[PDB]
**Student:** 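Pasting a structure here, questions to come.
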Amino acid sequence: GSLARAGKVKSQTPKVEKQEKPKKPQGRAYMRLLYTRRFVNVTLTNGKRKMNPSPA
Amino acid sequence: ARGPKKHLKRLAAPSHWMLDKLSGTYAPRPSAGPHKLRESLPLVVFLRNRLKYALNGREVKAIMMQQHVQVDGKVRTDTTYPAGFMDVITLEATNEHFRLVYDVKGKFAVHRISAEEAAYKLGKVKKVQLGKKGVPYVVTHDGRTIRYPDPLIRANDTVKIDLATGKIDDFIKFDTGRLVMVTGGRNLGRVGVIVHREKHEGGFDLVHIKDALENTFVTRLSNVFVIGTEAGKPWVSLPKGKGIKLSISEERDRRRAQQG
Amino acid sequence: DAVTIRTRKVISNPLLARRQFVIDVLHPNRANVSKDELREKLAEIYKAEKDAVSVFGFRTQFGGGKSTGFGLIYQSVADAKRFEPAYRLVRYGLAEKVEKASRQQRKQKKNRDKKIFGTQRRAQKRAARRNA
Amino acid sequence: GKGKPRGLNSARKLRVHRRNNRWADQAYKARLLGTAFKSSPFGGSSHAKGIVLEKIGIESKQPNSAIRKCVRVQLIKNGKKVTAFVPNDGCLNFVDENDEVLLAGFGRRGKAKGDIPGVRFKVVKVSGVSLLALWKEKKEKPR
Amino acid sequence: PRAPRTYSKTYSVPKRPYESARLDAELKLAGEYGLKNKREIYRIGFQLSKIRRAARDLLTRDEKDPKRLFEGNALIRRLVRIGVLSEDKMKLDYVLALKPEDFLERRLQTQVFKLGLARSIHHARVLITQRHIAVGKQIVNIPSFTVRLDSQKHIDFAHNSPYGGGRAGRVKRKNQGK
RNA sequence: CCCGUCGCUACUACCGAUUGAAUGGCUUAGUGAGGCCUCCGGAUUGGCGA
RNA sequence: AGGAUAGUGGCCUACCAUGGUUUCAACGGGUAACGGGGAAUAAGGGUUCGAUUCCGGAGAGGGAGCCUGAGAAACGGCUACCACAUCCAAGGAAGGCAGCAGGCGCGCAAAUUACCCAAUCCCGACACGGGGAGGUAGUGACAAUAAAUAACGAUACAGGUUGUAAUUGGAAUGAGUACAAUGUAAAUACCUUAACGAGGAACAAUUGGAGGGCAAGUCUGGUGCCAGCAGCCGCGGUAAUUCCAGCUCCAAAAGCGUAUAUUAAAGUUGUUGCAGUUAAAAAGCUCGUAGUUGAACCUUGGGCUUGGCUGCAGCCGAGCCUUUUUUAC
Ligand SMILES: [Mg+2]
Ligand SMILES: [Mg+2]
Ligand SMILES: [Mg+2]
Ligand SMILES: [Mg+2]
Ligand SMILES: [Mg+2]
Ligand SMILES: [Mg+2]
Ligand SMILES: [Mg+2]
Ligand SMILES: [Mg+2]
Ligand SMILES: [Mg+2]
Ligand SMILES: [Mg+2]
Ligand SMILES: [Mg+2]
Ligand SMILES: [Mg+2]
Ligand SMILES: [Mg+2]
Ligand SMILES: [Mg+2]
Ligand SMILES: [Mg+2]
Ligand SMILES: [Mg+2]
Ligand SMILES: [Mg+2]
Ligand SMILES: [Mg+2]
Ligand SMILES: [Mg+2]
Ligand SMILES: [Mg+2]
Ligand SMILES: [Mg+2]
Ligand SMILES: [Mg+2]
Ligand SMILES: [Mg+2]
Ligand SMILES: [Mg+2]
Ligand SMILES: [Mg+2]
Ligand SMILES: [Mg+2]
Ligand SMILES: [Mg+2]
Ligand SMILES: [Mg+2]
Ligand SMILES: [Mg+2]
Ligand SMILES: [Mg+2]
Ligand SMILES: [Mg+2]
Ligand SMILES: [Mg+2]
Ligand SMILES: [Mg+2]
Ligand SMILES: [Mg+2]
Ligand SMILES: [Mg+2]
Ligand SMILES: [Mg+2]
């Protein structure tokens, strides 16, 4: 087979820079953040609990 | 391989020396001497690990090169001299006399004795036989050779060595009812009286010993050392504990009561 | 600031002509106490000569305020100079650090000297004769 | 009686029967025959270096349709020639003729992986630089 | 050479990495006790698993067995001493009934928070790590320090700590000194 | 649904004239260093010996 | 019977017999085989590993022969041959890192040509000398332990007396740097500790993933059976939950992934504990030696006294009276 198309999609993928965002806490602070986010202010939609709801 | 070993790895040293693992690669190799390597206690171990008079091997050599240490009434300057069972160590500068007797835990106790008792020692007769010119002699457990012994003395008997003249004061025949300390095996250090000697021609004779607390154990005759003519009458001072073995639960109870 | 010295496990050791003990130093508001100052304090406490006092092996506990080491007090300065290690006498100023070449140089000189039989003067005189 | 001896003195028969029958287990047979030592291209090693001979495109098997971009590598340790897959989008451009590549298996332990036919190795490093580092532009190829 | 020095692992990971019931239980327990990571839960589970294994081994022996009496009493005594086992449950059957929260109750971080020295469990951990807390007259900066019963009453601020009568810290000295 | 010749490509192993080739161990026979023992020998060197 | 040996012995010699081992596996071959203490994994039974901190053996390039000595068939001793290899004035001479460090080579694969006898011990004529044995530091993400990367208030909001989401404060601390003291043979580091040392506290945590197995998107852009992914099942042919990316989320975290081996999962090696009508597998059928395995049967019951331990019973031990050869376990 022809080898001329190697890296075609990655080469032609439009470059997008990573948006600058505040650092996330590390260690115990991060475990605390997940704990509150999942057991303190529960955001369940009456029995429907999703970690990563896509925007819709 | 081509000759005698001169080193002793720390892990391969006798466990009753109670040496620590991480202090070094080697352990004091006992010199040739009256007692076997596995059943001896080098003076470096006694003066540094037991008495803690010396802080290191340089210091134990400094102590002994000043002529302080005597074993069996004779000055020894060999830091790895193999002191053994019933041996008397004298440090007259500190005015201390020790005898190497096993405690019930299997180790050589730091057993201080009076000066009057430090003037003699006991030896188990290993063999009695005739020397040159038809002169009988006795070989004790510490390699001593005493000529012209009492003609009643036989093997497994105990003789009392004057330790200053090397002569025999008196002896104890090996027989039922004699006070005994065990010098080998898992019953090492226990003290009791002979109950019954069970003979095995071509094999090992076994001795049944009853403790002062009426506990009975069996040990090899080669591990049997007569130390007294009867119960409660030892010919040497016994170490603390009197050779009475306590179970671990009894020891825990005793420590609880002793410490509150 | 109120340095307190306690000695425990004291053993009188006439075999080495000294008394030996473990030293506990309570030094609140103080990083630790230097060996020179501990030797001075021990000399005052036990009325011994300072040069007969040796301290070593100190370590500060976790959190500070206390250190533990080991101390020796000899019956005399002569006894201390007789039984003390050289490096400790150099620490205390009772001895001078011996000056020698490095271990590599000493070994190299020994192996060079192993190649000569007889005196060096004879060996070099013969070498001079050969090269002259 | 279940077809095997049960007597108290039949330990020899039981031990020999098990020994005869473990040869039907290919893992045991391959371990004792030493096929990796004798037959495996790597000689039993986890990785192996070699020199890239040529860059070759291999058609994937059905129902997939693609060109898996591999290389022909001659191993330094024994001179054997193997085909090694070059993972990720465009890492073939990182591999040139007469380069020294470190190879490793696909994780199927001697079998081909996926739709790639007859290829049992992958490129881990090229010219002493990790292919992942080159792909992520963490490092550059020494040239 | 020198004799080898012993070392051992103090935890063990689960066999199934992804399990919602265990992940949720672990996260809930870490959030309750302000733990840094899951390994601090694995450590508790590991040492409780071997306490249970020892008790089970003794429980298969007959009652009044010398070994069962000696080692069972020692294990019970140790757990009562560290406060994990209650004084009215010294039977070696309640040892099997022990739970990891019993051990996490006895950590220094938990006891610091429960003694009112900290606002939260996460304040407790930073107080311990920052050398403010002393047990007896000794500073302890290890959060996993298991507090003994005789040590329970002696948990307090270090005497040379800013919160315990020492001088002002770096920030305050820099602020009031300007 | 499906089988087998035949045709293309690639890989693996096999047979095969070449009394093919290379590497290592053991060994017959032949030759055989050197030490040791033995046999004389007797530079020289002490008063018969070395 | 002798010789030889430190000594036994076909160890060797002379003579004489014809013996010795073997399906209970001799002999031969292979071992990517030094043995063991041990190691990994483990419900139990097992499977796999052990060059390597201790013990035993063996070797010092390959063989062989010796000297000295109590002790060596020694190699940091010698002699000779073989293979390598150094200097040479060409006549000759000198070698042995599977010691420490270092180099080349080999390879997937492994560190300083550093300091010291202070400790552990050893050797010597020895209180004193020596020891790359050993110790110390260097390199070192082999493994292992502990354990930072933030904590707390007020406003503002949302919220059901308090959990957060933001912009506003004052505290706390060690990473690092350093007087100093300690440590140490001397240092380094640790431990202590003046002064300095945090708001984006830029003093900025990573490695893999988000279809299922398997925890976490049917978000947006790019490509369009290409590029690629994918352990396996599969994804990709114009709204791709799977590729390339951004965002978000998930898992473990100073660690995380990949390859290979191995163990569990594997009752897919099955003694415990598999299967054999049809899924793989009962020999075409009988005989038969080793092996394995083999019916029942020989002092039972009764009586009396007594010791101990569990709460009158029960459980063990006894001692008398009743006619009273070889193993295996
Ligand atoms: Mg050796
Ligand atoms: Mg005999
Ligand atoms: Mg049977
Ligand atoms: Mg003979
Ligand atoms: Mg014969
Ligand atoms: Mg065989
Ligand atoms: Mg081998
Ligand atoms: Mg292993
Ligand atoms: Mg092995
Ligand atoms: Mg092995
Ligand atoms: Mg081994
Ligand atoms: Mg080992
Ligand atoms: Mg060895
Ligand atoms: Mg040898
Ligand atoms: Mg070598
Ligand atoms: Mg050679
Ligand atoms: Mg040698
Ligand atoms: Mg040799
Ligand atoms: Mg050498
Ligand atoms: Mg080397
Ligand atoms: Mg080597
Ligand atoms: Mg950081
Ligand atoms: Mg991915
Ligand atoms: Mg899911
Ligand atoms: Mg899209
Ligand atoms: Mg699209
Ligand atoms: Mg994505
Ligand atoms: Mg991967
Ligand atoms: Mg398995
Ligand atoms: Mg089956
Ligand atoms: Mg069929
Ligand atoms: Mg069938
Ligand atoms: Mg049939
Ligand atoms: Mg039949
Ligand atoms: Mg039978
Ligand atoms: Mg029968």
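Note that these values count all heavy atoms, side chains included, but never hydrogens, waters or copies made by symmetry. Numbers restart at 1 for each chain; the letters A, B, ... are given by sequence-line order, proteins then strands.
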**Student:** For the residue pair B:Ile209 and B:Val193, establish whether any side-chain heavy-atom pair is separated by less than 4.5 Å.
**Tutor:**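 No, too far: nothing below the 4.5 Å cut-off.
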**Student:** Is there a donor-acceptor contact under 3.5 Å linking the side chains of E:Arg106 and E:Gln152?
**Tutor:**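 Indeed, the side chains of E:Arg106 and E:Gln152 share at least one donor-acceptor pair under 3.5 Å.
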**Student:** Where do B:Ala13 and B:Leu19 come nearest, in terms of heavy atoms and distance?
**Tutor:**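 In terms of heavy atoms, the two residues are closest at CB-CD1, 4.2 Å.
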**Student:** Taking the six-membered ring for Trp, is the centroid-to-centroid distance between B:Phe225 and B:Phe85 below 6.0 Å?
**Tutor:**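 Yes - the distance between ring centres of B:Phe225 and B:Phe85 falls below the 6.0 Å cut-off.
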**Student:** Atom CZ in B:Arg255, atom CD1 in B:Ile248: separation rounded to 0.5 Å?
**Tutor:**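 Going from CZ on B:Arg255 over to CD1 on B:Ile248, the span is 10.0 Å.
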**Student:** Between C:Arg18 and C:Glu84 (salt bridge meaning N to carboxylate O under 4.0 Å), is one present in this structure?
**Tutor:**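 Salt bridge absent between C:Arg18 and C:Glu84.
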**Student:** Between the main-chain N or O of B:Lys105 and the side-chain N or O of B:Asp103, is there a donor-acceptor pair closer than 3.5 Å?
**Tutor:**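 The answer is yes, because a donor-acceptor pair under 3.5 Å joins these two groups.
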**Student:** Side-chain donor-acceptor pair under 3.5 Å between B:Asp78 and B:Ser31, yes or no?
**Tutor:**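 Indeed, the side chains of B:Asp78 and B:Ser31 share at least one donor-acceptor pair under 3.5 Å.
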**Student:** Is a side-chain N or O of B:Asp157 found less than 3.5 angstrom from the main chain of B:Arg154, in a donor-acceptor match?
**Tutor:**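 Yes: the side chain of B:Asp157 pairs with the backbone of B:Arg154.
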**Student:** For D:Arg15, look at atom CZ and say whether over 12 heavy atoms of other residues, nucleotides or ligands are found less than 6.0 Å away.
**Tutor:**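 Check passes, neighbour count above 12.
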**Student:** Quick one: do B:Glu59 and B:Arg48 make a salt bridge, cutoff under 4.0 Å?
**Tutor:**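 No, no charged N to carboxylate O under 4.0 Å.
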**Student:** Between B:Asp142 and B:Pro34, what is the shortest heavy-atom contact and its length?
**Tutor:**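 Here B:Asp142 and B:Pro34 meet closest at O-CB, 3.2 Å.
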**Student:** State whether the side chain of B:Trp17 and the backbone N or O of B:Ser40 hold a donor-acceptor pair below 3.5 Å, judged by distance alone.
**Tutor:**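 Here the side-chain-to-backbone pair exists.
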**Student:** Could I get the full list of salt bridge (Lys or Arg N to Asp or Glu O under 4.0 Å) partners for E:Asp65, not counting sequence neighbours?
**Tutor:**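 In terms of salt bridge (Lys or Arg N to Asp or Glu O under 4.0 Å), with neighbours along the sequence ignored, E:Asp65 is linked to E:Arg61.
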**Student:** Tell me, do C:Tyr46 and C:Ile73 make a side-chain contact under 4.5 Å, heavy atoms counted?
**Tutor:**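 C:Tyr46 reaches C:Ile73 side chain to side chain.
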**Student:** Begin with the C-alpha distance, continue with both residues' side-chain angles, and end with the deciding distance and a verdict on ring-ring contact (aromatic ring centres under 6.0 Å, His included) for B:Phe108 and B:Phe46.
**Tutor:** CA-CA 9 Å; B:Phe108 271 125; B:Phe46 185 70; 9.2 Å; no
**Student:** Please examine the side chains of E:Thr10 and E:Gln47, heavy atoms only from C-beta on, and report whether any two atoms are closer than 4.5 Å.
**Tutor:**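 Counting from C-beta outward, E:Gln47 and E:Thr10 never come under 4.5 Å.
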**Student:** With a 3.5 Å distance limit and no angle check, can you tell me whether B:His111 reaches the backbone of B:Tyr102 through a side-chain donor-acceptor pair?
**Tutor:**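 It does not hold such a pair.
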**Student:** Under 4.5 Å between any side-chain heavy atoms of B:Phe171 and B:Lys160, yes or no?
**Tutor:**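 No, too far: nothing below the 4.5 Å cut-off.
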**Student:** If we ignore hydrogens and angles and just use 3.5 Å, is the side chain of B:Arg29 paired with the main-chain N or O of B:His7 as donor and acceptor?
**Tutor:**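 A pair under 3.5 Å: yes.
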**Student:** With distance as the sole test, does B:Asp211 use its side chain to make a donor-acceptor pair with the main-chain N or O of B:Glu214 at under 3.5 Å?
**Tutor:**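 Such a contact is absent between B:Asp211 side chain and B:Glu214 backbone.
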**Student:** Taking B:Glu230 first and then B:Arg178, would you say they form a salt bridge - that is, a charged N and a carboxylate O separated by under 4.0 Å?
**Tutor:**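 Result for this pair is no, no salt bridge flagged.
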**Student:** Which heavy atom of B:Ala12 sits nearest a heavy atom of B:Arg38, and at what distance?
**Tutor:**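 Nearest pair, atom of B:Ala12 first, then B:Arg38: O-NH1, 3.1 Å.
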**Student:** Does the structure place the NZ or CZ of B:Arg99 under 6.0 Å from the centre of the six-membered ring of B:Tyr120, at an angle of no more than 45° from the ring's axis?
**Tutor:**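 Satisfied, under 6.0 Å and within 45°.
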**Student:** Distance-only, no hydrogens or angles: does the E:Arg2 side chain make a donor-acceptor pair with backbone N or O of B:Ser23 under 3.5 Å?
**Tutor:**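 No; zero donor-acceptor contacts below 3.5 Å.
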**Student:** Using modelled atom types and a 3.5 Å cut-off, is there a donor and acceptor pairing between side-chain atoms of B:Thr165 and backbone atoms of B:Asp162?
**Tutor:**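 Judged by distance alone, no pair lies under 3.5 Å.
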**Student:** When the ring centroid of B:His208 is compared with that of B:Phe217, is the distance short of 6.0 Å?
**Tutor:**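 Not close enough - the centres of the two rings lie 6.0 Å or further apart.
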**Student:** For B:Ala83 versus B:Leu100, what's the shortest heavy-atom pair and its separation?
**Tutor:**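 It is CB-CD2, 3.8 Å.
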**Student:** Would E:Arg56 and E:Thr60 count as having a side-chain donor-acceptor pair, cut-off 3.5 Å?
**Tutor:**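 No donor-acceptor contact under 3.5 Å links the two side chains.
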**Student:** Taking the basic N atoms (NZ, or NE/NH1/NH2) and the acidic carboxylate oxygens, is any pair closer than 4.0 Å for B:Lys121 and B:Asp72?
**Tutor:**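 Result for this pair is yes, salt bridge flagged.
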**Student:** Please give me the minimum heavy-atom distance between E:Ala55 and E:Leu75, naming the atom from each residue.
**Tutor:**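 Heavy atoms only, the tightest pair is CB-CD2, 4.1 Å.
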**Student:** Does one side chain, of B:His200 or B:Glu198, offer a donor that lies under 3.5 Å from an acceptor on the other?
**Tutor:**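 Yes, a side-chain donor-acceptor pair sits under 3.5 Å.
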**Student:** Would you say the side chain of E:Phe46 lies within less than 4.5 Å of the side chain of E:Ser12, judging by non-hydrogen atoms?
**Tutor:**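 In contact.
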**Student:** When you compare the side chains of B:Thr90 and B:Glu92, does any donor N or O come within less than 3.5 Å of an acceptor on the partner?
**Tutor:**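 No, B:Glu92 and B:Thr90 have no side-chain donor paired with an acceptor closer than 3.5 Å.
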**Student:** Taking the six-membered ring of B:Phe204, is NZ or CZ of B:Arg220 closer than 6.0 Å to its centre and within 45° of its axis?
**Tutor:**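 Yes, B:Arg220 sits over the ring of B:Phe204.
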**Student:** Between E:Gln138 (side chain only) and C:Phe62 (backbone N and O only), is there a donor and an acceptor less than 3.5 Å apart?
**Tutor:**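 Between the backbone of C:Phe62 and the side chain of E:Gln138 there is a qualifying donor-acceptor contact (under 3.5 Å).
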**Student:** When rounded to the nearest 0.5 angstrom, what distance separates CG in B:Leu51 from CD1 in C:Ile11?
**Tutor:**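 The distance works out to 8.0 Å.
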**Student:** E:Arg43 side chain to E:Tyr11 main-chain N or O, any donor-acceptor pair under 3.5 Å?
**Tutor:**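 The answer is no, because no donor-acceptor pair under 3.5 Å joins these two groups.
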**Student:** Just wondering, do E:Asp102 and E:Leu79 contact through their side chains at under 4.5 Å, heavy atoms?
**Tutor:**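 A side-chain contact under 4.5 Å is absent here.
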**Student:** Take B:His97 and B:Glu117 through the test side-chain contact (heavy atoms from CB on, under 4.5 Å) and record every step on the way to the result.
**Tutor:** CA-CA 9 Å; B:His97 308 260; B:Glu117 192 202 328; over 6 Å; no
**Student:** For B:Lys210, I'd like to know if atom NZ has over 12 heavy atoms of other residues, nucleotides or ligands within 6.0 Å.
**Tutor:**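 12 or below, so no.
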**Student:** Between C:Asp24 and C:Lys66, does at least one N-O distance fall below 4.0 Å, as a salt bridge requires?
**Tutor:**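 Answer for the salt bridge query: yes.
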